[PDB]
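**Q** These protein sequence lines are chains F, H, A, Z, G, L and W, in that order.
Heads up: the first sequence runs through residues 1163 to 1195, 1207 to 1263, numbered per UniProt numbering.
Oh and the second sequence: position 1 is 810 in UniProt numbering, straight run, nothing missing.
Oh and the third sequence: position 43 is 43 in UniProt numbering, straight run, nothing missing.
Oh and the fourth sequence: position 36 is 744 in UniProt numbering, straight run, nothing missing.
Heads up: the fifth sequence runs through residues 142 to 201, 207 to 368, 377 to 945, 947 to 1000, 1014 to 1300, numbered per UniProt numbering.
Oh and the sixth sequence: position 107 is 115 in UniProt numbering, straight run, nothing missing.
Heads up: the seventh sequence runs through residues 254 to 267, 271 to 354, numbered per UniProt numbering.
This is the structure, below, for whatever I ask next.
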Amino acid sequence: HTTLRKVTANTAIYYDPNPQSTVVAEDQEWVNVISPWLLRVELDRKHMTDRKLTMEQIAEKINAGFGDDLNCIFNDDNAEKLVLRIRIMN
Amino acid sequence: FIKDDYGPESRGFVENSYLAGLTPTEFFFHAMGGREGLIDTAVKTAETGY
Amino acid sequence: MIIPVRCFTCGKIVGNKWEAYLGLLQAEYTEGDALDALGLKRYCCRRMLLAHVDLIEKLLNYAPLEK
Amino acid sequence: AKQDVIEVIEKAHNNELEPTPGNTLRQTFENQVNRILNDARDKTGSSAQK
Amino acid sequence: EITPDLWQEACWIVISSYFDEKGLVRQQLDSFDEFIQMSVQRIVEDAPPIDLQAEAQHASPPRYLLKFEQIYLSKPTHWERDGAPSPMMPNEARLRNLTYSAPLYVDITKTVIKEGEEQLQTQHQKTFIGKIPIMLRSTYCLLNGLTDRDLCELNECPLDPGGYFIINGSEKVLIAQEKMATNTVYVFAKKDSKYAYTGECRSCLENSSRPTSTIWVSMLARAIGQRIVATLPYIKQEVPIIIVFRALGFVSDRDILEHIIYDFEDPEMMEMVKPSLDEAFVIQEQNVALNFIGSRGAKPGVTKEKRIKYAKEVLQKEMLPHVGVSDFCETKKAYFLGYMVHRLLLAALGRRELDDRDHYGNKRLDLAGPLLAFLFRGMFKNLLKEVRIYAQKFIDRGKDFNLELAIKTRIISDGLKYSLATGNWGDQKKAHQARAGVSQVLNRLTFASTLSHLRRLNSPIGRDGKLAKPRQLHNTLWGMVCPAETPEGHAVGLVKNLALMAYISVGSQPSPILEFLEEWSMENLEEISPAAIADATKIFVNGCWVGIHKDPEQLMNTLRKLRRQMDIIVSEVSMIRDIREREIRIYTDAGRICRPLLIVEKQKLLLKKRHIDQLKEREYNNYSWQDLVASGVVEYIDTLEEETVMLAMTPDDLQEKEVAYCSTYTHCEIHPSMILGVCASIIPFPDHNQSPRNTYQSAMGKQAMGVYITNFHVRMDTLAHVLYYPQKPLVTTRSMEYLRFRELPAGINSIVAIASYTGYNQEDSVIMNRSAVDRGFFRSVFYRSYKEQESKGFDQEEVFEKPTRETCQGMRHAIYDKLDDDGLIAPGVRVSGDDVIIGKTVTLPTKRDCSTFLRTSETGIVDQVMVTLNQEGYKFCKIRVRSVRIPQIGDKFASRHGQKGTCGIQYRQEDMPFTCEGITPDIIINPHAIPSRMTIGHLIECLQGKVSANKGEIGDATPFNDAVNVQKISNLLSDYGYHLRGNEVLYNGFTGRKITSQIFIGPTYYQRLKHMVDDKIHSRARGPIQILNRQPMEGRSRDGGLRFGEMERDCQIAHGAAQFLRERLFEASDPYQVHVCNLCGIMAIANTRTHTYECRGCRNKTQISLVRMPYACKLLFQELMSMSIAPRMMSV
Amino acid sequence: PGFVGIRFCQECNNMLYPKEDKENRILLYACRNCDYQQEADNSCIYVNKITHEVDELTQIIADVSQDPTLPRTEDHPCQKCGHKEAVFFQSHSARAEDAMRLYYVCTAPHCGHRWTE
Amino acid sequence: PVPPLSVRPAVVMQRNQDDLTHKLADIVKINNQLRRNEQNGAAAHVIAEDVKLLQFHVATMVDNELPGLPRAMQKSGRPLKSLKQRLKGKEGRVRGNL
């Protein structure tokens, strides 16, 4: 059994007025891109590659569990940092 | 024993036999180890008989 | 209490040796010299005086029941 | 055996000891110490019977 | 100068000084002395005066105060209205079954105002409250400071340690009772509960009437998550801590957080404190929080201003009494409660670790002093609340009152006497509620047993519990509790004795420490702001947060400097600096268990050749242990201070230049053998044995028979056992000379041969030498005492006389000619079972006897007969009977290593094997008892005993001597013409052929235990019967029968012996016949002589069945019918 | 990442709570007692480190050096003052996932240096 | 039903009555008092407390220990031995005597 606590390093929430603004410097969101209060969780490569998951799998699990009440914006499996951002749709 | 001493003498290993006698630390550790078995002997009966 | 009359193991008479043993210890004699000055060659007889505690003296410090 | 326990302690202190899979660093250090002490006790016992 | 390689004598010299200046019951004596000196005074003075009015008016009322102080206590006195009162000798109290008590006196000042503004106060000096039982050899006991010659003149034993009470002529010993330490914060984490962590601090004022008011500060175990609650005394539900602070008086939020998190730059603390903050953003002022607490109170007020006052009272007095109860102590209580919350958060974040419950730093010992204080306080309150009732009953009519009649002197004395005599520690009404086991009857079978019973602790946790954690030997038991000594029954680890040099602190006022502290550079809580509280260190005194200091160092040194010279801080006070966590705690309360340790500077002891020399010439220079303490050479270190200190086992072996281990020692032990107790300090070579063997020897040392006390002939006592020829052991520890074991020994140095001779010792048994037993080997005499008192009704007068057959009706077949005409036997008369000893008859409204018969199968001789008057003035007689116990087969013998065994056979000297000389072993034990028990100490004792008996010296068996070993002992033995390993060539006693194997033989100190076989053997053949159910009685004395129990029944079922099972449970116990109706299975009425069998309720009288039944079954059926159940037994 | 820290109202000294000024679409911290507002400078509300990679050196304090019961070694010197003797010990902290790692504290007081090797 | 003398024996001058005999004496005292009150007084208030106390006594006759209720105690405060406790378990009538 694996919860999302096992794989994440730390979790933080911000108040980004514009999703386009990207208060955190992340060109992945720049190239990828409605609520201003967002959610951000940082995973670690260690448990991620130990249990063989993907950001796509985690995002589809979130979308199935919670429906289209929120959209997950996940960084690709290329950067050293493991980010997925969470909003809440209106 | 110094703090955070994981050595054999500091955690219950007795390098002496019953002939050379036990240094006081080893004597106390052996007494504490045998106390566990003595307690178990008394406690086990009230469960096994039941 | 009091010195036994005979050694438990040997049976050699030890009852008469206690006062002489104390007298010899009231000198330069050690215990090992007093015992064989009294003629105790076996350790069975030697321990009879060596390990004896003479409690009759502590018992006599109490006043008797009668007069 | 004591020298081996001391050097295992050194490896654990310098972070040079890799945790055994299925165990954490503390329990794998405990396992190494117990293995060394039990092997020493068995060897001394066998020397005694010999 | 420094003392090298003279340690083995210097350490024992200073130990001898310690045991000369302090006895072995010093904790008992000091606790009782401090009690009767100051604690009774403070209890009698802090009681509030009582003011009492009339019934509010008489026609269409003044009061008085009656305040008293300045208690007086006198020496024990004895006689009442028959002669001028005289002091009570303790031996006289033992003989006459009196209570060795002392009267205490107070002077009262009743000041009364009635009218006209005229105040008259009348003082009554030496008002009598009662008689307090007093401990022997105490500072007000009549044997205090008397010389040995005077003690012998008073028929008292000079070797008797004292420390016990004589009540109804029976020795009572207050067993020390463990408890969790008070006024200290403990953070725990119970596994299965709604909350994860909980912080408790049970609190007590300086011996106030209020009990331990325990407050818990807890954190929930998972929205928001992790709220902090604090269940409060006299509050039904938990209350969030922020509401508690707002009720305490802090309107703001920053001020509240200043009392919990001391450094605001730590956001991890804030992230866990805000979930509790956002719980209570609806209370903003003090009064609404007071209302919130009052609503949750046990007594909810009907109006708002009643809940306000109730909750204010709870916060003022119930919560945290030890930090202060006064007009304005809100800031101090808030600081301490915020500290408690901070402690809980530190455990929640993992910055610190959970406190251990078994850590005996967290434990306190309730000795005679504290226990008698706790019980006297309650009885004194009960006395006051009846003086008040008498005063009310006279002032309602308002005529006058007399305080002499108002004072009920019975209550205090009778409560003390009942509590100490029975053991139920509390009021007599709550006999089941009050804890028992305290104040046991002193065990007076051996001097070592008496010492062990006088030095004993007790853990008041429930027995027969499957939680072994409390029972386990904790690491903090080093040198304060004997690791070996503990009972093997259901009290393993719960009942633990006291180490040799272990001393229990007696308590003192912390006020001098407070004035000393407040004048260096520290600040009280009210002076500073929490801005500078994070970088400095918190000072605790008896668990209450007193202040804050910027420089922990050079104040720790200052406190140690004062304690080492006894300037202001006494020796028992312990100062503890926690370093990684900034607390610095000072403890002064009573019950702290501590032991003396040497002081070590850079790497050198402060004990010097000059100290050893001037203390070796003692009794002339009087340089005692107290002077040694005053020299700043030794300190008393408890468990708290033992955590923060670094010890060395031996100065020579652990303070030298080598491959460095510590090089930063702070203390050294005087001698490691002092970690043992009293019964475990008589074990030779105890480190060469398996620990369960040592525990069993510590248990059996209390059962070895010997001269238990010097004045055993004046001591009329039941179950007294003395050996004919006790001997001090040939091989001994250096710790026996302090237990006085070489003055009152229990055992004989027997020559044992560990061999299999015939097979009568195979399963842990033993062969004895019949000739040695004839010569007096282990021969003893058994003293049993019989008491009787005449009296009880208007005309049923008891009287001692010879019962005469034509006059008295009820008589046994026993012969009464052995009695003298006064009704007693003269001492020196041979007696046997079913022989009358005390001829006592009661008048029959001719006469019926109540004569005391000698216990069956005793068959002894009367030693002495004493007649006297009890405290009721009636004739009282005690008779003691001698009966010698020649060692026979089956008598339980044991060594000093837990090698017990019953004699299996007794061979004469001819039948017994022998050496090249005529030496035949007094004892032969099976060699198959060594290898699994692993009592190598037994073998080394047997070797050293031969070495000593040949050398002429007394063998030395100090545990950790390290100056003697098997090789040295063997080399010493080889010089005397014996095999170096103790083996000898014995010859067979029957055939004369030398035994092929060589026999291990030598003198070993065996003990004779009280478990004789003549005191256990009994049979039965249709003897006496119980009254309720007609089954055989129970007990050896009552000629009872053995119990064919539920497992024996199951074993017979498994055998499939149904006829034998029925024979055992039906005919061999209680055959019985009952008559039952055939229509209804109810028992009928049978009149056998007229053969009229009728079952009412049916009117049949014709069809009636007889069924054979156990009487217990019939009585079960009758009980069921009484419970309205109808067990109907149809035989069809 | 960092840690968010609670700061208090200057009027009544109470805990601020995050709010969105919907008109300007900007974060505001609002006291629920009084009408005080203030603009937030961190833009972060809540941070939670699940891996809890903690630098124990911050919780280690300098006065631990004079503890008689701690081991002492001259093999590892201090870095600023080059003092020969150093006091070392383990984490002494609960929830230390896997750490036998030694933390060192320099003696010769007023140095108080702390490092890890 | 009142159990016979065999179930509740009385020893002679320790005569001393049985623990169950004392409870039966209390039962008959309160039953007679309640009876005489209910004919003569018929207050209908003291009768309620009388019935309540008689109910408590008769219940504790068979079962001394109940949750939330006072235990029936003989003099010196020791609780009585009810019939349930007399035949409850170990050292009871059935398990300890049959």
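Ideal placement from N, C-alpha and C gives every residue a C-beta, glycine not left out.
Give me the residue from G:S889, G:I1092, G:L525 and G:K620 with the minimum Cα distance to G:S573.
**A** Within the fifth sequence, the letter at position 419 stands for residue 573 of chain G. When only C-alpha atoms are compared, the closest one is G:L525.
**Q** Would you list the residues sitting across from G:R408 in a DSSP beta bridge?
**A** Working through the fifth sequence from its first residue, we reach residue 408 of chain G at position 254. According to DSSP, which records beta bridges pairwise, G:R408 is partnered with nothing at all.
**Q** Z:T732 versus chain L: which residues are under 9 Å apart at the beta carbon?
**A** What you label residue 732 of chain Z is simply residue 24 of the fourth sequence in a count that begins at 1. Correct list: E105 and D106.
**Q** Exposed or buried, G:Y862, counting other C-beta atoms within 10 Å across all chains shown (16 or more means buried)?
**A** If you number the fifth sequence from 1, residue 862 of chain G lands on position 708. The residue is buried, with at least 16 neighbouring Cβ atoms inside 10 Å.
**Q** Taking the alpha helix (DSSP H) that F:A1237 falls in, what are its first and last residues?
**A** For the purposes of this step, residue 1237 of chain F is identified with residue 64 of the first sequence, where counting begins at 1. That run of the alpha helix (DSSP H) goes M1228 to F1239.
**Q** Using a Cβ cut-off of 7 Å, which residues of the segment 814–833 of chain H contact any Cβ in chain Z, in chain order?
**A** Against chain Z - using a Cβ distance shorter than 7 Å - the residues of the segment 814–833 of chain H are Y815, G816, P817 and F822.
**Q** Quick one: list the residues of chain L neighbouring Z:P729, beta-carbon separation under 9 Å, in chain order.
**A** Residue numbering aside, residue 729 of chain Z sits at position 21 when the fourth sequence is read from its first letter. None at all; the shortest Cβ gap to chain L is about 13 Å.
**Q** Which bits of chain G does A:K58 rub up against, with CB to CB less than 7 Å?
**A** Counting from one through the third sequence, the residue named residue 58 of chain A turns up at place 58. The contacting residues are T864.
**Q** Could you round the C-beta distance between G:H765 and G:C152 to whole angstroms and report it? I think they count as a contact, below 8 Å.
**A** Within the fifth sequence, numbered from 1, the residue matching residue 765 of chain G stands at position 611. Within the fifth sequence, numbered from 1, the residue matching residue 152 of chain G stands at position 11. Contact doesn't hold; Cβ gap of about 12 Å is too wide.
**Q** Using 8 Å as the Cβ pair cut-off and three pairs as the minimum, do the segment 1048–1068 of chain G and the segment 1105–1115 of chain G touch?
**A** With the cut-off at 8 Å, the segment 1048–1068 of chain G and the segment 1105–1115 of chain G touch.
**Q** May I have the straight-line CA-CA distance separating G:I1047 from G:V258, to the nearest angstrom?
**A** Locating residue 1047 of chain G in the fifth sequence gives position 879, counting from the first residue. Locating residue 258 of chain G in the fifth sequence gives position 112, counting from the first residue. Distance between the alpha carbons of G:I1047 and G:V258: 57 Å.
**Q** Might you give, ordered along the chain, the residues of its own chain that have their beta carbon closer than 7 Å to the beta carbon of G:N865, omitting 5 neighbours on each side?
**A** Along the fifth sequence, read from residue 1 onward, the residue named residue 865 of chain G stands at position 711. Answer for G:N865: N301, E302 and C303, listed in chain order.
**Q** Enumerate in chain order the residues of its own chain whose CB-to-CB distance from G:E142 is below 7 Å, with the five nearest sequence positions on each side excluded.
**A** What you label residue 142 of chain G is simply residue 1 of the fifth sequence in a count that begins at 1. Taken in chain order, the residues that qualify are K762 and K763.
**Q** According to DSSP, is G:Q1032 helix, strand or coil?
**A** Reading the fifth sequence from its first residue, position 864 is the one you call residue 1032 of chain G. Looking at G:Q1032 - three-state DSSP - the assignment turns out to be strand.
**Q** Near W:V314, what residues of its chain come up, given a Cβ to Cβ distance below 7 Å and the 5 sequence neighbours on each side ignored?
**A** As a working mapping, residue 314 of chain W is identified with position 58 in the seventh sequence. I283.
**Q** Would you list, in chain order, the members of the UniProt zinc finger region "TFIIS-type" (82–124) of chain L that have their beta-carbon closer than 8 Å to a beta-carbon of chain Z?
**A** Those residues of the UniProt zinc finger region "TFIIS-type" (82–124) of chain L that come within reach of chain Z (Cβ to Cβ, closer than 8 Å) are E105, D106, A107, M108, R109 and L110.
**Q** Can you give me the C-alpha to C-alpha distance between residue 426 of chain W and G:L1288, rounded to a whole angstrom?
**A** Outside the displayed range of chain W (254 to 354) lies residue 426 of chain W, so it cannot be described from this structure.
**Q** Would you verify that the beta carbon of Z:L725 is, or is not, closer than 7 Å to some beta carbon of chain H?
**A** As a working note, residue 725 of chain Z is residue 17 in the fourth sequence. No, Z:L725 does not count as interfacial toward chain H.
**Q** For my contact list, G:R450 and G:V393 are in at a C-beta cut-off of 8 Å; report their separation, rounded to the angstrom.
**A** Within the fifth sequence, numbered from 1, the residue matching residue 450 of chain G stands at position 296. Within the fifth sequence, numbered from 1, the residue matching residue 393 of chain G stands at position 239. Yes, G:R450 and G:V393 are in contact; Cβ-Cβ is about 6 Å, under 8 Å.
**Q** Which value, in whole angstroms, describes the spacing of the CA atoms of W:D319 and G:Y246?
**A** What you label residue 319 of chain W is simply residue 63 of the seventh sequence in a count that begins at 1. What you label residue 246 of chain G is simply residue 100 of the fifth sequence in a count that begins at 1. Distance between the alpha carbons of W:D319 and G:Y246: 43 Å.
**Q** Is the beta carbon of G:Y341 sitting closer than 7 Å to the one on G:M365?
**A** Within the fifth sequence, residue 341 of chain G is the residue found at index 195, counting from 1. Within the fifth sequence, residue 365 of chain G is the residue found at index 219, counting from 1. Their beta carbons are under 7 Å apart, which means G:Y341 touches G:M365 by this criterion.
**Q** Step through the CB atoms of chain H and report whether any lies within less than 7 Å of the CB of G:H224.
**A** Residue 224 of chain G sits at position 78 when you count from the first residue of the fifth sequence. No, because no Cβ of chain H sits closer than 7 Å to the Cβ of G:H224.
**Q** Keeping to the same chain, check which residues put their C-beta closer than 6 Å to that of G:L605; ignore five residues upstream and five downstream.
**A** Here residue 605 of chain G refers to the residue found at position 451 when the fifth sequence is read from its first residue. Within the same chain, G:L605 has close Cβ partners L165 and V832.
**Q** Could you name the residues that DSSP lists as bridge partners for F:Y1176?
**A** Within the first sequence, numbered from 1, the residue matching residue 1176 of chain F stands at position 14. Answer is F:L1211 and L:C52.
**Q** How would you write the range of the alpha helix (DSSP H) that H:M841 sits in, first residue to last?
**A** Reading the second sequence from its first residue, position 32 is the one you call residue 841 of chain H. It spans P833 to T857 - the alpha helix (DSSP H) in which H:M841 sits, taken as one unbroken run.
**Q** Flag L:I14 as yes if its beta-carbon sits less than 7 Å from any beta-carbon of chain F, otherwise no.
**A** Within the sixth sequence, numbered from 1, the residue matching residue 14 of chain L stands at position 6. Not closer than 7 Å to any Cβ of chain F, the Cβ of L:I14 fails to qualify, so no.
**Q** How long is the line joining the alpha carbons of G:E726 and G:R894, rounded to whole angstroms?
**A** On the fifth sequence, position 572 is the one that residue 726 of chain G refers to. On the fifth sequence, position 740 is the one that residue 894 of chain G refers to. Between G:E726 and G:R894, the C-alpha separation is close to 27 Å.
**Q** When you compare each of G:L621, G:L1111, G:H513 and G:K553 to H:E856 by their alpha carbons, which one comes out closest?
**A** In the second sequence, counting from the first residue as 1, residue 856 of chain H sits at position 47. Residue G:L621 is the option with its Cα nearest to H:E856.
**Q** Buried or exposed for G:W674, please, with buried defined as at least 16 other CB atoms from any protein chain shown within 10 angstroms of its CB.
**A** Position 520 of the fifth sequence holds residue 674 of chain G. Counting Cβ neighbours within 10 Å, G:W674 comes out exposed, since fewer than 16 surround it.
**Q** Taking 8 Å as the cut-off, does the segment 469–481 of chain G touch the segment 339–356 of chain G (at least 3 CB pairs, one atom from each stretch)?
**A** Enough Cβ pairs lie closer than 8 Å, so yes.
**Q** Beta strand (DSSP E) containing F:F1247: first to last residue?
**A** Numbered from 1 along the first sequence, position 74 holds the residue referred to as residue 1247 of chain F. Taken as a continuous stretch (DSSP letters only), the beta strand (DSSP E) holding F:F1247 covers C1245 to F1247.
**Q** Could you check how far apart the C-beta atoms of G:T793 and G:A1125 are, in whole angstroms? I think they sit under 8 Å.
**A** As a position in the fifth sequence, residue 793 of chain G is number 639, starting the count at 1. As a position in the fifth sequence, residue 1125 of chain G is number 957, starting the count at 1. Between G:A1125 and G:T793 the Cβ distance is about 29 Å, and since that is not below 8 Å, they are no contact.
**Q** Rounded to a whole number of angstroms, what is the C-alpha to C-alpha distance between A:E19 and A:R6?
**A** To locate residue 19 of chain A, count along the third sequence from 1; it is residue 19. To locate residue 6 of chain A, count along the third sequence from 1; it is residue 6. A:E19 and A:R6: Cα-Cα distance of roughly 15 Å.
**Q** Please report the distance separating the alpha-carbon of G:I837 from that of G:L898.
**A** As a first step, residue 837 of chain G is located in the fifth sequence; it is residue number 683 there, counting from the start. As a first step, residue 898 of chain G is located in the fifth sequence; it is residue number 744 there, counting from the start. Looking at the two C-alpha atoms, the distance is approximately 16 Å.
**Q** Over what stretch of residues does the alpha helix (DSSP H) that includes G:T712 continue unbroken?
**A** Along the fifth sequence, read from residue 1 onward, the residue named residue 712 of chain G stands at position 558. Here the alpha helix (DSSP H) through G:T712 covers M710 to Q719.
**Q** Does G:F214 come out as helix, strand or coil in the three-state DSSP assignment?
**A** The residue given as residue 214 of chain G occupies position 68 in the fifth sequence. Of the three classes helix, strand and coil, the one that applies to G:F214 here is strand, per DSSP.
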